[PDB]
>>> print(open('data.csv').read())   # CSV, N, CA and C atoms
chain,number,residue,atom,x,y,z
V,1,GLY,N,-32.0,-19.1,54.2
V,1,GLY,CA,-32.6,-18.4,55.3
V,1,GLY,C,-32.4,-16.9,55.1
V,2,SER,N,-31.3,-16.4,55.6
V,2,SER,CA,-31.0,-15.0,55.4
V,2,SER,C,-29.5,-14.7,55.2
V,3,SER,N,-29.2,-13.9,54.2
V,3,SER,CA,-27.8,-13.6,53.9
V,3,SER,C,-27.2,-13.0,55.1
V,4,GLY,N,-26.5,-13.8,55.9
V,4,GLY,CA,-25.8,-13.3,57.1
V,4,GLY,C,-24.8,-12.2,56.8
V,5,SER,N,-23.7,-12.7,56.2
V,5,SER,CA,-22.6,-11.8,55.8
V,5,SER,C,-22.0,-11.2,57.0
V,6,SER,N,-22.8,-10.5,57.8
V,6,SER,CA,-22.3,-9.9,59.0
V,6,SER,C,-21.2,-8.8,58.7
V,7,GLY,N,-21.0,-7.9,59.6
V,7,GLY,CA,-20.1,-6.8,59.4
V,7,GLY,C,-20.5,-5.9,58.3
V,8,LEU,N,-21.1,-4.7,58.6
V,8,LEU,CA,-21.5,-3.8,57.6
V,8,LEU,C,-22.5,-4.5,56.7
V,9,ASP,N,-23.2,-3.6,55.9
V,9,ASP,CA,-24.1,-4.2,54.9
V,9,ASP,C,-23.8,-3.6,53.5
V,10,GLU,N,-23.4,-4.5,52.7
V,10,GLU,CA,-23.0,-4.2,51.3
V,10,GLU,C,-24.3,-3.9,50.5
V,11,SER,N,-25.3,-4.7,50.7
V,11,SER,CA,-26.6,-4.6,50.0
V,11,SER,C,-27.0,-3.1,49.9
V,12,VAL,N,-26.7,-2.4,51.0
V,12,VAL,CA,-27.1,-1.0,51.1
V,12,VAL,C,-26.1,-0.2,50.2
V,13,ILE,N,-24.8,-0.5,50.4
V,13,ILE,CA,-23.8,0.2,49.7
V,13,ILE,C,-24.0,0.0,48.2
V,14,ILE,N,-24.2,-1.2,47.8
V,14,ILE,CA,-24.5,-1.5,46.4
V,14,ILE,C,-25.5,-0.5,45.9
V,15,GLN,N,-26.7,-0.5,46.5
V,15,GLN,CA,-27.8,0.3,46.1
V,15,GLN,C,-27.2,1.8,45.8
V,16,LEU,N,-26.8,2.4,46.9
V,16,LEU,CA,-26.2,3.7,46.8
V,16,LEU,C,-25.3,3.8,45.6
V,17,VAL,N,-24.4,2.9,45.5
V,17,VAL,CA,-23.4,2.8,44.4
V,17,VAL,C,-24.2,2.7,43.1
V,18,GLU,N,-25.3,2.1,43.1
V,18,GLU,CA,-26.2,1.9,42.0
V,18,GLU,C,-26.9,3.3,41.6
V,19,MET,N,-27.1,4.0,42.7
V,19,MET,CA,-27.7,5.3,42.5
V,19,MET,C,-26.8,6.3,41.8
V,20,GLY,N,-25.5,6.0,41.9
V,20,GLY,CA,-24.5,6.9,41.3
V,20,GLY,C,-23.7,7.5,42.4
V,21,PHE,N,-23.1,6.7,43.2
V,21,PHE,CA,-22.3,7.2,44.3
V,21,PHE,C,-21.0,6.4,44.4
V,22,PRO,N,-20.0,7.0,45.0
V,22,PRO,CA,-18.7,6.3,45.2
V,22,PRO,C,-18.8,5.3,46.3
V,23,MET,N,-18.4,4.1,46.0
V,23,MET,CA,-18.4,3.0,46.9
V,23,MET,C,-17.9,3.4,48.3
V,24,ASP,N,-16.6,3.8,48.3
V,24,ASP,CA,-15.9,4.3,49.5
V,24,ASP,C,-16.9,5.1,50.3
V,25,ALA,N,-17.4,6.2,49.7
V,25,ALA,CA,-18.3,7.1,50.3
V,25,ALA,C,-19.5,6.3,50.9
V,26,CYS,N,-20.0,5.4,50.0
V,26,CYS,CA,-21.1,4.6,50.4
V,26,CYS,C,-20.7,3.8,51.6
V,27,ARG,N,-19.5,3.3,51.6
V,27,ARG,CA,-19.0,2.5,52.7
V,27,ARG,C,-18.8,3.4,53.9
V,28,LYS,N,-18.6,4.7,53.7
V,28,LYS,CA,-18.4,5.7,54.7
V,28,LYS,C,-19.7,5.9,55.5
V,29,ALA,N,-20.8,6.2,54.8
V,29,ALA,CA,-22.1,6.4,55.4
V,29,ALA,C,-22.4,5.2,56.3
V,30,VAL,N,-22.6,4.1,55.7
V,30,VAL,CA,-23.0,2.9,56.5
V,30,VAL,C,-22.1,2.8,57.7
V,31,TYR,N,-20.8,2.8,57.5
V,31,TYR,CA,-19.8,2.7,58.5
V,31,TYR,C,-20.1,3.8,59.6
V,32,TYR,N,-19.9,5.0,59.3
V,32,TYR,CA,-20.2,6.1,60.3
V,32,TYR,C,-21.5,5.9,61.0
V,33,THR,N,-22.6,5.8,60.2
V,33,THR,CA,-23.9,5.6,60.7
V,33,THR,C,-24.0,4.3,61.5
V,34,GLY,N,-23.0,3.4,61.2
V,34,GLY,CA,-23.0,2.1,61.9
V,34,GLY,C,-24.1,1.2,61.4
V,35,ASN,N,-24.3,1.2,60.1
V,35,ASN,CA,-25.3,0.3,59.5
V,35,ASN,C,-26.6,0.5,60.2
V,36,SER,N,-27.5,1.3,59.7
V,36,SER,CA,-28.8,1.6,60.3
V,36,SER,C,-29.8,1.8,59.2
V,37,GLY,N,-29.8,1.0,58.2
V,37,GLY,CA,-30.7,1.2,57.1
V,37,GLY,C,-30.1,2.0,56.0
V,38,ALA,N,-30.8,2.0,54.8
V,38,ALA,CA,-30.3,2.8,53.7
V,38,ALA,C,-30.7,4.3,53.9
V,39,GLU,N,-32.0,4.5,54.2
V,39,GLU,CA,-32.5,5.8,54.4
V,39,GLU,C,-31.5,6.6,55.3
V,40,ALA,N,-31.2,6.0,56.5
V,40,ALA,CA,-30.3,6.6,57.4
V,40,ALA,C,-29.0,6.9,56.7
V,41,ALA,N,-28.4,5.8,56.2
V,41,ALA,CA,-27.1,5.9,55.5
V,41,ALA,C,-27.2,7.0,54.5
V,42,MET,N,-28.1,7.0,53.6
V,42,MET,CA,-28.3,8.0,52.6
V,42,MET,C,-28.2,9.4,53.2
V,43,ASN,N,-29.0,9.6,54.2
V,43,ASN,CA,-29.0,10.9,54.8
V,43,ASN,C,-27.6,11.4,55.0
V,44,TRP,N,-26.8,10.6,55.7
V,44,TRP,CA,-25.5,10.9,56.0
V,44,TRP,C,-24.8,11.3,54.7
V,45,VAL,N,-25.1,10.6,53.6
V,45,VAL,CA,-24.6,10.9,52.3
V,45,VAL,C,-25.1,12.2,51.8
V,46,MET,N,-26.5,12.4,51.9
V,46,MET,CA,-27.1,13.6,51.5
V,46,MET,C,-26.5,14.8,52.2
V,47,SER,N,-26.0,14.5,53.4
V,47,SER,CA,-25.4,15.6,54.2
V,47,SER,C,-23.9,15.8,53.8
V,48,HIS,N,-23.2,14.7,53.7
V,48,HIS,CA,-21.8,14.7,53.4
V,48,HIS,C,-21.7,15.3,52.0
V,49,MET,N,-22.4,14.6,51.0
V,49,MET,CA,-22.3,15.0,49.6
V,49,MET,C,-22.3,16.6,49.5
V,50,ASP,N,-22.9,17.2,50.5
V,50,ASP,CA,-23.0,18.7,50.5
V,50,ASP,C,-21.7,19.3,50.3
V,51,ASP,N,-20.6,18.5,50.8
V,51,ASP,CA,-19.3,19.0,50.6
V,51,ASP,C,-18.6,18.2,49.5
V,52,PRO,N,-17.6,18.8,48.9
V,52,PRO,CA,-16.8,18.2,47.9
V,52,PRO,C,-15.9,17.1,48.4
V,53,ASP,N,-15.7,17.1,49.7
V,53,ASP,CA,-14.9,16.2,50.4
V,53,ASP,C,-15.7,14.9,50.8
V,54,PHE,N,-16.7,14.7,50.1
V,54,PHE,CA,-17.6,13.5,50.3
V,54,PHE,C,-17.1,12.3,49.6
V,55,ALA,N,-16.9,12.5,48.3
V,55,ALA,CA,-16.4,11.4,47.5
V,55,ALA,C,-15.0,10.9,48.0
V,56,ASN,N,-14.2,11.8,48.5
V,56,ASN,CA,-12.9,11.5,49.0
V,56,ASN,C,-13.0,10.3,49.9
V,57,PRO,N,-11.8,9.6,50.0
V,57,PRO,CA,-11.8,8.4,50.8
V,57,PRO,C,-11.8,8.6,52.3
V,58,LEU,N,-11.7,7.6,53.1
V,58,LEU,CA,-11.7,7.7,54.5
V,58,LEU,C,-10.5,8.4,55.0
V,59,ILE,N,-10.5,8.9,56.2
V,59,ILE,CA,-9.4,9.7,56.8
V,59,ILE,C,-8.1,8.9,56.4
V,60,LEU,N,-7.1,9.7,56.0
V,60,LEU,CA,-5.8,9.2,55.6
V,60,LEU,C,-4.8,9.3,56.8
V,61,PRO,N,-3.8,8.4,56.8
V,61,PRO,CA,-2.8,8.3,57.9
V,61,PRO,C,-1.9,9.5,57.7
V,62,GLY,N,-2.3,10.7,58.1
V,62,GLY,CA,-1.5,11.9,58.0
V,62,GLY,C,-1.2,12.2,56.6
V,63,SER,N,-2.1,12.8,55.9
V,63,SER,CA,-1.9,13.2,54.5
V,63,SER,C,-0.5,13.7,54.3
V,64,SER,N,0.1,13.1,53.3
V,64,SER,CA,1.5,13.5,53.0
V,64,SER,C,1.6,13.9,51.5
V,65,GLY,N,1.2,13.1,50.6
V,65,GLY,CA,1.2,13.4,49.2
V,65,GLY,C,-0.2,13.3,48.6
V,66,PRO,N,-1.0,14.5,48.9
V,66,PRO,CA,-2.4,14.6,48.4
V,66,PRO,C,-2.4,14.8,46.9
V,67,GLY,N,-3.4,14.4,46.2
V,67,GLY,CA,-3.6,14.5,44.8
V,67,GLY,C,-5.0,15.1,44.4
V,68,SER,N,-5.1,16.4,44.8
V,68,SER,CA,-6.3,17.1,44.5
V,68,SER,C,-6.0,18.6,44.1
V,69,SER,N,-6.9,19.1,43.3
V,69,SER,CA,-6.8,20.5,42.8
V,69,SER,C,-8.1,21.2,43.0
V,70,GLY,N,-9.1,20.8,42.4
V,70,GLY,CA,-10.4,21.4,42.5
V,70,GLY,C,-10.4,22.7,41.7
V,71,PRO,N,-10.9,22.7,40.5
V,71,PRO,CA,-11.0,23.9,39.7
V,71,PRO,C,-12.1,24.8,40.1
V,72,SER,N,-11.8,26.1,40.4
V,72,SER,CA,-12.8,27.0,40.8
V,72,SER,C,-13.9,27.1,39.8
V,73,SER,N,-13.6,27.4,38.6
V,73,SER,CA,-14.5,27.6,37.5
V,73,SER,C,-14.5,26.3,36.6
V,74,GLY,N,-15.6,26.1,35.9
V,74,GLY,CA,-15.7,24.9,35.1
V,74,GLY,C,-15.9,25.3,33.6
>>> encode(input="data.csv", output="structure tokens")
Amino acid sequence: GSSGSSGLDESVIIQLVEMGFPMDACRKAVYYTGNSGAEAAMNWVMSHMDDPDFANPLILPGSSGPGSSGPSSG
């Protein structure tokens, strides 16, 4: 019939991930957007990606030991 699955939509995530994006981030869009199509999800991504804190994982429980540097020049 139809791939129920329920709870978020991986099919969308997969795609994005296939486009060359971080799953987590992909899971962030859908999540935040609350699963409302790829286009919508993407947008959120297209907006988030704008920042380098896009790939980063979901909010952490009070960042304690972060592991990021970010080189100014390349």
>>> residues_around(input="data.csv", residues="region 62-68 of chain V", least_positions_apart="5", cutoff="12 Å", atoms="only C-alpha atoms", output="PyMOL selection string")
chain V and resi 52-53+55-57
>>> closest_residue(input="data.csv", among="V:70, V:14, V:46, V:58", to="residue 28 (chain V)", atoms="all atoms listed in the file")
V:58
>>> closest_residue(input="data.csv", among="V:49, V:54, V:74, V:43", to="residue 24 (chain V)", atoms="all atoms listed in the file")
V:54
>>> residues_around(input="data.csv", residues="region 31-40 of chain V", least_positions_apart="4", cutoff="8 Å", atoms="only N, CA and C atoms", output="ChimeraX atom specification")
/V:7-9,11-13,16,25-27,44-46
>>> atom_distance(input="data.csv", atom1="CA of residue 21 (chain V)", atom2="atom C of residue 59 (chain V)")
18.7 Å
>>> select_by_dssp(input="data.csv", residues="chain V", states="alpha helix (DSSP H)", output="JSON, numbers by chain")
{"V": [10, 11, 12, 13, 14, 15, 16, 17, 18, 19, 23, 24, 25, 26, 27, 28, 29, 30, 31, 32, 33, 38, 39, 40, 41, 42, 43, 44, 45, 46, 47, 48]}
>>> write_last_selection(input="data.csv", atoms="N, CA and C atoms", output="CSV table (one decimal), in the coordinates of the input")
chain,number,residue,atom,x,y,z
V,10,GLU,N,-23.4,-4.5,52.7
V,10,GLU,CA,-23.0,-4.2,51.3
V,10,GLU,C,-24.3,-3.9,50.5
V,11,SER,N,-25.3,-4.7,50.7
V,11,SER,CA,-26.6,-4.6,50.0
V,11,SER,C,-27.0,-3.1,49.9
V,12,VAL,N,-26.7,-2.4,51.0
V,12,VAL,CA,-27.1,-1.0,51.1
V,12,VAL,C,-26.1,-0.2,50.2
V,13,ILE,N,-24.8,-0.5,50.4
V,13,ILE,CA,-23.8,0.2,49.7
V,13,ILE,C,-24.0,0.0,48.2
V,14,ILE,N,-24.2,-1.2,47.8
V,14,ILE,CA,-24.5,-1.5,46.4
V,14,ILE,C,-25.5,-0.5,45.9
V,15,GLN,N,-26.7,-0.5,46.5
V,15,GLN,CA,-27.8,0.3,46.1
V,15,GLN,C,-27.2,1.8,45.8
V,16,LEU,N,-26.8,2.4,46.9
V,16,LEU,CA,-26.2,3.7,46.8
V,16,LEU,C,-25.3,3.8,45.6
V,17,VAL,N,-24.4,2.9,45.5
V,17,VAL,CA,-23.4,2.8,44.4
V,17,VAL,C,-24.2,2.7,43.1
V,18,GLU,N,-25.3,2.1,43.1
V,18,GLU,CA,-26.2,1.9,42.0
V,18,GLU,C,-26.9,3.3,41.6
V,19,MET,N,-27.1,4.0,42.7
V,19,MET,CA,-27.7,5.3,42.5
V,19,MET,C,-26.8,6.3,41.8
V,23,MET,N,-18.4,4.1,46.0
V,23,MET,CA,-18.4,3.0,46.9
V,23,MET,C,-17.9,3.4,48.3
V,24,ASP,N,-16.6,3.8,48.3
V,24,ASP,CA,-15.9,4.3,49.5
V,24,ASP,C,-16.9,5.1,50.3
V,25,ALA,N,-17.4,6.2,49.7
V,25,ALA,CA,-18.3,7.1,50.3
V,25,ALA,C,-19.5,6.3,50.9
V,26,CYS,N,-20.0,5.4,50.0
V,26,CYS,CA,-21.1,4.6,50.4
V,26,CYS,C,-20.7,3.8,51.6
V,27,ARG,N,-19.5,3.3,51.6
V,27,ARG,CA,-19.0,2.5,52.7
V,27,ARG,C,-18.8,3.4,53.9
V,28,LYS,N,-18.6,4.7,53.7
V,28,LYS,CA,-18.4,5.7,54.7
V,28,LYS,C,-19.7,5.9,55.5
V,29,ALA,N,-20.8,6.2,54.8
V,29,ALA,CA,-22.1,6.4,55.4
V,29,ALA,C,-22.4,5.2,56.3
V,30,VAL,N,-22.6,4.1,55.7
V,30,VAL,CA,-23.0,2.9,56.5
V,30,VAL,C,-22.1,2.8,57.7
V,31,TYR,N,-20.8,2.8,57.5
V,31,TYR,CA,-19.8,2.7,58.5
V,31,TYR,C,-20.1,3.8,59.6
V,32,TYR,N,-19.9,5.0,59.3
V,32,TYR,CA,-20.2,6.1,60.3
V,32,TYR,C,-21.5,5.9,61.0
V,33,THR,N,-22.6,5.8,60.2
V,33,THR,CA,-23.9,5.6,60.7
V,33,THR,C,-24.0,4.3,61.5
V,38,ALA,N,-30.8,2.0,54.8
V,38,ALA,CA,-30.3,2.8,53.7
V,38,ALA,C,-30.7,4.3,53.9
V,39,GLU,N,-32.0,4.5,54.2
V,39,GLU,CA,-32.5,5.8,54.4
V,39,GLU,C,-31.5,6.6,55.3
V,40,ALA,N,-31.2,6.0,56.5
V,40,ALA,CA,-30.3,6.6,57.4
V,40,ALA,C,-29.0,6.9,56.7
V,41,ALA,N,-28.4,5.8,56.2
V,41,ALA,CA,-27.1,5.9,55.5
V,41,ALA,C,-27.2,7.0,54.5
V,42,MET,N,-28.1,7.0,53.6
V,42,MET,CA,-28.3,8.0,52.6
V,42,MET,C,-28.2,9.4,53.2
V,43,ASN,N,-29.0,9.6,54.2
V,43,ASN,CA,-29.0,10.9,54.8
V,43,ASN,C,-27.6,11.4,55.0
V,44,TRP,N,-26.8,10.6,55.7
V,44,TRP,CA,-25.5,10.9,56.0
V,44,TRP,C,-24.8,11.3,54.7
V,45,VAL,N,-25.1,10.6,53.6
V,45,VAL,CA,-24.6,10.9,52.3
V,45,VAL,C,-25.1,12.2,51.8
V,46,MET,N,-26.5,12.4,51.9
V,46,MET,CA,-27.1,13.6,51.5
V,46,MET,C,-26.5,14.8,52.2
V,47,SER,N,-26.0,14.5,53.4
V,47,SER,CA,-25.4,15.6,54.2
V,47,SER,C,-23.9,15.8,53.8
V,48,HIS,N,-23.2,14.7,53.7
V,48,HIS,CA,-21.8,14.7,53.4
V,48,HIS,C,-21.7,15.3,52.0
>>> atom_distance(input="data.csv", atom1="CA of residue 48 (chain V)", atom2="CA of residue 6 (chain V)")
25.2 Å
>>> atom_distance(input="data.csv", atom1="CA of residue 50 (chain V)", atom2="CA of residue 69 (chain V)")
18.0 Å
>>> build_atoms(input="data.csv", residues="region 25-43 of chain V", atoms="N, CA, C and O atoms", output="CSV table (one decimal), keeping the file's coordinate frame")
chain,number,residue,atom,x,y,z
V,25,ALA,N,-17.4,6.2,49.7
V,25,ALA,CA,-18.3,7.1,50.3
V,25,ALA,C,-19.5,6.3,50.9
V,25,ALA,O,-19.9,6.5,52.0
V,26,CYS,N,-20.0,5.4,50.0
V,26,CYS,CA,-21.1,4.6,50.4
V,26,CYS,C,-20.7,3.8,51.6
V,26,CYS,O,-21.6,3.6,52.5
V,27,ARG,N,-19.5,3.3,51.6
V,27,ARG,CA,-19.0,2.5,52.7
V,27,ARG,C,-18.8,3.4,53.9
V,27,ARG,O,-18.7,2.9,55.1
V,28,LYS,N,-18.6,4.7,53.7
V,28,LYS,CA,-18.4,5.7,54.7
V,28,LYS,C,-19.7,5.9,55.5
V,28,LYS,O,-19.7,5.8,56.8
V,29,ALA,N,-20.8,6.2,54.8
V,29,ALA,CA,-22.1,6.4,55.4
V,29,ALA,C,-22.4,5.2,56.3
V,29,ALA,O,-22.4,5.4,57.5
V,30,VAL,N,-22.6,4.1,55.7
V,30,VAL,CA,-23.0,2.9,56.5
V,30,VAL,C,-22.1,2.8,57.7
V,30,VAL,O,-22.6,2.7,58.8
V,31,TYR,N,-20.8,2.8,57.5
V,31,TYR,CA,-19.8,2.7,58.5
V,31,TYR,C,-20.1,3.8,59.6
V,31,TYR,O,-20.5,3.4,60.7
V,32,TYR,N,-19.9,5.0,59.3
V,32,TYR,CA,-20.2,6.1,60.3
V,32,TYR,C,-21.5,5.9,61.0
V,32,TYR,O,-21.6,5.8,62.2
V,33,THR,N,-22.6,5.8,60.2
V,33,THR,CA,-23.9,5.6,60.7
V,33,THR,C,-24.0,4.3,61.5
V,33,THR,O,-24.8,4.1,62.4
V,34,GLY,N,-23.0,3.4,61.2
V,34,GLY,CA,-23.0,2.1,61.9
V,34,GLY,C,-24.1,1.2,61.4
V,34,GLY,O,-24.7,0.4,62.2
V,35,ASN,N,-24.3,1.2,60.1
V,35,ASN,CA,-25.3,0.3,59.5
V,35,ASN,C,-26.6,0.5,60.2
V,35,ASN,O,-26.8,-0.1,61.3
V,36,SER,N,-27.5,1.3,59.7
V,36,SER,CA,-28.8,1.6,60.3
V,36,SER,C,-29.8,1.8,59.2
V,36,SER,O,-30.6,2.8,59.3
V,37,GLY,N,-29.8,1.0,58.2
V,37,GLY,CA,-30.7,1.2,57.1
V,37,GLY,C,-30.1,2.0,56.0
V,37,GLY,O,-29.1,2.7,56.2
V,38,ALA,N,-30.8,2.0,54.8
V,38,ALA,CA,-30.3,2.8,53.7
V,38,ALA,C,-30.7,4.3,53.9
V,38,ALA,O,-29.9,5.1,53.8
V,39,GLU,N,-32.0,4.5,54.2
V,39,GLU,CA,-32.5,5.8,54.4
V,39,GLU,C,-31.5,6.6,55.3
V,39,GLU,O,-31.1,7.7,54.9
V,40,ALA,N,-31.2,6.0,56.5
V,40,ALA,CA,-30.3,6.6,57.4
V,40,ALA,C,-29.0,6.9,56.7
V,40,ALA,O,-28.5,8.0,56.7
V,41,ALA,N,-28.4,5.8,56.2
V,41,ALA,CA,-27.1,5.9,55.5
V,41,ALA,C,-27.2,7.0,54.5
V,41,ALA,O,-26.3,7.9,54.5
V,42,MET,N,-28.1,7.0,53.6
V,42,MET,CA,-28.3,8.0,52.6
V,42,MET,C,-28.2,9.4,53.2
V,42,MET,O,-27.4,10.2,52.7
V,43,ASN,N,-29.0,9.6,54.2
V,43,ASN,CA,-29.0,10.9,54.8
V,43,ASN,C,-27.6,11.4,55.0
V,43,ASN,O,-27.2,12.5,54.5
